[PDB]
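A quick note on method: Cβ atoms are made from the backbone with ideal geometry, for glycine too, and the neighbour counts reach across all protein chains shown. Rule-based calculations on the coordinates, nothing more; no lab input.
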Amino acid sequence: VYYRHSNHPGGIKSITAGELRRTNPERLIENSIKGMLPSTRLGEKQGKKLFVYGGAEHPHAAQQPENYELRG
Amino acid sequence: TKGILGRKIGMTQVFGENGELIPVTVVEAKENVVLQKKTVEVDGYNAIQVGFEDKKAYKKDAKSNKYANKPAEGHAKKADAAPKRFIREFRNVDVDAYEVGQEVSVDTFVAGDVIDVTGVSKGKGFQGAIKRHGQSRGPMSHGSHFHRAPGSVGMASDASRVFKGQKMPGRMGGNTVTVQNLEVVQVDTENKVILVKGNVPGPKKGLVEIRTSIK
Amino acid sequence: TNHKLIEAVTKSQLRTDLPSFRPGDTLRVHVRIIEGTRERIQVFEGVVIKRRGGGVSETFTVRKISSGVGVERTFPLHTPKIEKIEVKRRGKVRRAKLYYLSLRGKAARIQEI
Amino acid sequence: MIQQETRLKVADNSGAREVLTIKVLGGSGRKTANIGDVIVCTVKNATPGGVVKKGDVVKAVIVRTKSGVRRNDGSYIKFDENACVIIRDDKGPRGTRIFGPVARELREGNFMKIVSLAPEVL
Amino acid sequence: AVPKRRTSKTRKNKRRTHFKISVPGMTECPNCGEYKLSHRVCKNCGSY
RNA sequence: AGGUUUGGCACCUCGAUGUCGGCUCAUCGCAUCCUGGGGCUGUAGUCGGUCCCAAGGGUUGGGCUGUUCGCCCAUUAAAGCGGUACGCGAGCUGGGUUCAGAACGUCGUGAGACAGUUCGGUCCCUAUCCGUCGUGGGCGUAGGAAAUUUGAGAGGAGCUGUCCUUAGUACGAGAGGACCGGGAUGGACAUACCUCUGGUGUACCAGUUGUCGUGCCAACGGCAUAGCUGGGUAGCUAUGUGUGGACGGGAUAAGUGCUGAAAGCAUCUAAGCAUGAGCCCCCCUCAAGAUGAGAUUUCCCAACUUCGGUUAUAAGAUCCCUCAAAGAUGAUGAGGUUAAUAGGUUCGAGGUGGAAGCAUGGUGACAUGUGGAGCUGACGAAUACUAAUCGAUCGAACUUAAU
RNA sequence: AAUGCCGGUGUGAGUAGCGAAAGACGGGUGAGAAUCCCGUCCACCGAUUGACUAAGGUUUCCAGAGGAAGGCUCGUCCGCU
RNA sequence: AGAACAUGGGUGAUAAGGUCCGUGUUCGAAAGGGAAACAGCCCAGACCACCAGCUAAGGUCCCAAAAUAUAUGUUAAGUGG
């Protein structure tokens with residue numbers, strides 16, 4: 001389950017992992033990237049170099065992007 | 001569904017056949033015309049744009065809102081129309097009807113229809129907690145020293161702050177309100193007014209919107 | 001003064017049948033009571049004590065004891081439950097609101113003609 | 001408008017001239033009653049004899065309040081005083097005669113035993 | 001009911017950000033005149 | 001075993017962490033009072049007993065006691081149990097108790113005491129920071145503007161009871177009494193509009209009247225709470241009139257259901273096999289691009305430029321009349337036509353018969369209009385007469401792909 | 001560094017307050033006027049905010065000049081110089 | 001005026017961050033690394049400079065230095081019967 005509070009009394013909301021992946025999966029991936037970065041102002045800037053898309057199609061052809069393969 | 005646009009006039013009463021006393025608000029809807037048709041292919045959603053009563057023409061040294069400026073004078077020239085004083089969108093309607101420039105008459109509504117009315121409340125100013133939240137004004141005698149003040153604002157050193165939405169004094173109300181499930185009593189087309197059974201938000205000669213009730 | 005749309009759209013339901021009242025007149029009012037299916041008429045008789053308003057929302061009030069207990073009866077000038085108005089007497093007063101009347105017996109501390 | 005603690009005048013025959021209202025029957029937090037409604041009350045002044053006596057806690061119905069009721073055509077029926085008929089809890093009067101006029105709301109409230117006993121129904 | 005700490009120079013001069021006088025108008029006087037309280041009944045070196 | 005409520009311990013506070021009940025205002029829990037689902041019965045039957053699942057919302061008026069607590073009268077669907085410095089005194093009171101006076105009882109040689117009673121006994125503070133509820137100024141966002149919007153994300157609303165079948169069928173050797181189906185119904189609370197109706201109030205509205213002092217009769221004006229008494233325009237209002245509300249979709253929790261082996265008989269499950277709610281989400285209302293980025297329509301720069309910027313542009317401020325708005329700002333209606341505000345002229349509505357003349361009547365007083373008259377605030381209409389009717393201020397690069 | 005003693009200067013902050021109480025307009029003098037002077041109205045005390053007389057105080061009393069401080073604002077005025 | 005910790009005991013209830021003795025350690029009077037933070041626990045005792053190197057306790061997916069290291073097994077639960 002994911003949680004968030006609105007600073008309003010009794011205002012805790014929630015959502016489970018599967019249905020967050022089923023609706024807005026981009027948020028699912030970028031949240032867990034950004035939780036793995038420093039929480040400085042430089043780190044929050046470095047999280048802005050990230051673009052996530054559901055489905056295999058993106059607009060960034062002028063930047064000439066290269067394929068990278070996970071070197072685990 | 002339907003929807004036209006407004007400016008209430010006042011309240012009166014009308015006698016119902018079979019014998020009744022029916023209090024009614026007189027809403028005058030003249031000078032409406034479709035100005036623009038939003039479409040899902042170009043705008044992402046379907047809606048029509050309507051202008052209620054018309055204003056003057058663009059004048060050289062014109063500075064009050066009584067005349068139209070260059071941009072709004074250019075708008076609604078595409079619609080073959082005069083400049084309007086109010087423009088609101090209706091996305092509860094079927095956009096395949098409504099040719100752009102169509103004059104929406106006041107007799108789109110038939111006596112018997114169930115309608116929704118929205119408007120803006122009357123603006124009471126700055127009020128405190130008795131008037132605005134309906135509190136209790138503790139005792140007036142027996143040595144008492146609190147009359148219209150509010151009580152405590154929280155607990156003690158545990159949770160040592162005030163919570164959100166704590167209902168203090170402030171500006172009373174000039175808000176947006178919608179009264180659901182009212183009724184059309186009569187559609188008078190010579191004078192172009194509508195009789196609505198009941199009360200309407202706002203002062204006299206303020207703008208109102210009328211719509212087919214969703215439920 | 002209200003608005004020409006307010007008189008225009010209620011102007012039809014005015015009834016041009018009734019006599020001319022003055023507070024202090026005695027009238028007998030012929031009102032129409034409905035049932036299973038028979039529109040019975042019953043008659044209220046009394047002195048007029050107040051008239052307020054204008055236009056369609058006019059109103060008047062007539063007072064009657066008739067049983068030992070005073071009774072008030074207030075009703076619209078143009079309501080269609082009224083079959084006719086009969087002015088019984090005229091009477092001369094000095095006020096427009098005959099409020100001067102604890103009430104029982106003959107302790108109606110009012111003035112008549 | 002009859003609250004709790006209101007003195008109310010009795011308009012029939014029994015050892016009861018005067019009642020004080022205990023409770024407005026109805027809903028929770030219900031405050032006032034009017035013509036057609038039912039209160040529970042105690043007898044404060046009686047006549048020597050009669051069935052009801054002083055100190056009894058009884059039901060009644062309201063007939064002819066001072067704050068009169070409203071009809072649909074916008075017509076009113078105000079009265080000069082607040083009256084009361086002590087009832088037997090089968091919809092029926094515990095006395096035998098009714099004094100003064102009675103309003104037509106009781107007919108819709110299903111008080112038709114009390115409707116015929118009374119003079120001058122309006 | 002009493003201040004708990006003293007106020008510093010930075011904070012006091014921040015609070016005085018809006019404690020200003022408004023510039024008076026600066027419109028040319030129409031019938032005859034110079035820059036003034038705008039749209040006035042201006043008589044100072046003029047005839048409005 | 002689990003949770004810590006009379007006690008054990010003496011770790012913070014004695015250069016002060018200052019108060020029991022009640023009032024005002026809340027916010028969490030579940031260990032469930034009502035409503036909602038279910039099952040069990042030594043439930044004939046309604047009655048009931050009894051359990052489990054269920055936390056959204058609701059959960060009262062008085063008499064006695066300072067009371068917590070407690071007994072009683074009436075209701076209600078119901079009148080739960082807890083935490084939060086036994087919630088809340090820089091929000092309130094001050095009845096109880098720890099103060100100086102006094103009476104009684106008991107015990108002391110006595111000064112005094114008890115913890116028993118009883119009467120009487122001064123409740124301070126102009127809000128700095130954080131917090132909360134409202135309302136503005138600045139800047140931002142790859143041409144500047146005006147108007148319409150999208151909605152990531154927030155907040156608010158989910159509660160209840162009558163009359164009608166059903167049914168007098170089940171059932172009852174007697175008296176007693178099943179469940180279950182439709183629209184609806186018109187209600188009680190609490191919400192949020194509004195003033196047409198009933199009512200409240202109205203301090204520059206009309207009328208009656210008593211004392212006194214001034215101009216000397218009268219008629220006016222001044223002061224007596226607006227002197228008092230009787231009515232009452234607009235605005236503001238409840239006690240008045242409208243509207244809303246589980247839920248408008250199926251589907252889940254002990255539970256009830258299907259087929260089927262280890263354990264060849266058996267088996268609601270083991271793989272599989274459906275449901276039963278107040279569960280979900282939907283819905284409903286409101287706010288929302290300072291969401292550090294999302295649109296659509298129209299307008300304007302054809303230049304000037306070292307387009308680094310400047311002038312004109314579209315447009316916004318300044319000022320002035322104002323109100324449907326208002327602490328102030330802000331937000332609306334307007335600025336020479338024209339009807340923003342005021343005067344004047346007519347209404348509406350209010351209160352009810354002005355003066356002058358006439359006719360009386362002993363006179364106090366009446367009539368009586370060719371008089372529902374004269375007066376009239378904030379309502380409405382029309383109108384150029386007095387005014388907002390001039391004029392300055394501020395403001396417009398890399399990259400791939402085409403074509 | 002003793003809630004040390006003396007002096008100076010901050011913050012709170014352009015914030016609290018300016019001590020019961022009728023005023024309006026015209027004219028005059030002045031660098032400057034809501035506030036000083038002169039009207040004509042209008043209100044207040046009205047067994048006293050009236051007239052004396054004490055104790056007590058000690059020149060505050062009159063005229064002309066003046067506005068540094070004083071006067072809870074101003075001041076051309078004053079029980080102030 | 002001592003304190004916690006481990007071990008030996010009394011008291012208390014085989015309670016207490018309780019209290020009283022005995023044998024050690026550390027804090028007191030001790031900076032540095034680990035235990036998230038955290039006098040008393042684990043490692044270790046700072047004369048001064050350095051943008052040199054080896055190690056302790058603890059560690060090696062990102063925050064955050066170092067094995068997404070090997071080979072070989074358990075776990076399906078995520079952090080009174």
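Two decimals, Cα atoms only, Kirkwood Rh: what is Rg/Rh over chain C?
1.01
Candidates E:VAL23, D:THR42, B:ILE22 compared by Cα position along the dipole of the protein assembly as shown: farthest toward the positive end lies E:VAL23, with charges placed on Cβ. Just report the Cα centroid separation between the stretch C:35-113 and chain E, whole Å. After rounding, the separation between the Cα centres reads 68 Å. Per residue and in Å³, how big is the convex hull formed by the alpha-carbon atoms of the stretch B:37-172? Taking only Cα atoms, the stretch B:37-172 has a hull volume of 283 Å³ per residue. Legend: ranking of residues B:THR212, E:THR17 from fewest to most surrounding C-beta atoms inside 10 Å; resulting order E:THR17, B:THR212. Normalising the Debye intensity of the stretch D:51-90 to I(0), with uniform scatterers on Cα atoms only, and taking log10 at q = 0.30, 0.31, 0.33 Å⁻¹ returns -0.99, -1.02, -1.07.
Semi-axes of the equivalent ellipsoid of the stretch B:148-208 are 46, 12, 9 Å, computed as sqrt(5λ) over the eigenvalues of the C-alpha gyration tensor in descending order. In the distance distribution for chain D, Cα-Cα pairs more than 22 Å apart total 29 percent.
With neighbour counts taken as other beta-carbon atoms within 10 Å, the residues B:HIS75, A:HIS5, C:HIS30 rank, fewest first, as A:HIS5, C:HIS30, B:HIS75.
Here the protein assembly as shown is assigned +1 on the Cβ of each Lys and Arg and -1 on the Cβ of each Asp and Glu. Its dipole about the Cα centre then comes out at about 3780 debye. Using only side-chain charges placed at the Cβ, +1 for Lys and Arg and -1 for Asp and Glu, the dipole size of the stretch C:5-89 relative to its Cα centre rounds to 200 debye. The chymotrypsin sites (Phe, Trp or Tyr not before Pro) of the stretch B:113-215 that meet both conditions, a loop assignment by DSSP and at most 11 other Cβ atoms within 10 Å of the site Cβ, are B:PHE146.
The mean sequence distance of close C-alpha pairs (under 8 Å, at least 6 residues apart), as a share of the length of the stretch B:1-78, puts its relative contact order at 21 percent. Once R0 is set to 56 Å, what does the formula 1/(1 + (r/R0)^6) return for the Cβ-Cβ distance between D:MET112 and B:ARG171, expressed as a FRET efficiency to the nearest 0.05? Efficiency for this residue pair is about 0.50.
With N counted as the residues of the protein assembly as shown, its alpha-carbon radius of gyration over 2.2 N^0.38 Å works out to 1.47.
Do any trypsin sites (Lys or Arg not before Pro) in chain E lie in a loop, going by DSSP, with at most 14 other beta-carbon atoms within 10 Å of their beta carbon, and if so which?
E:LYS4, E:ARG5, E:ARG6, E:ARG16, E:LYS20, E:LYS43
The convex hull defined by the C-alpha atoms of the stretch A:32-72 has an orientation-averaged projected area of 4.2 nm². Against the empirical 2.2 N^0.38 Å (N residues), chain E has a Cα radius of gyration ratio of 2.11. The ranking of C:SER57, D:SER14, B:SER141 from fewest to most other beta carbons within 10 Å of each one's beta carbon is B:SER141, C:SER57, D:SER14. Which whole-number percent of Cα pairs in chain A have a distance greater than 21 Å? The answer is 48 percent, as a whole percent.
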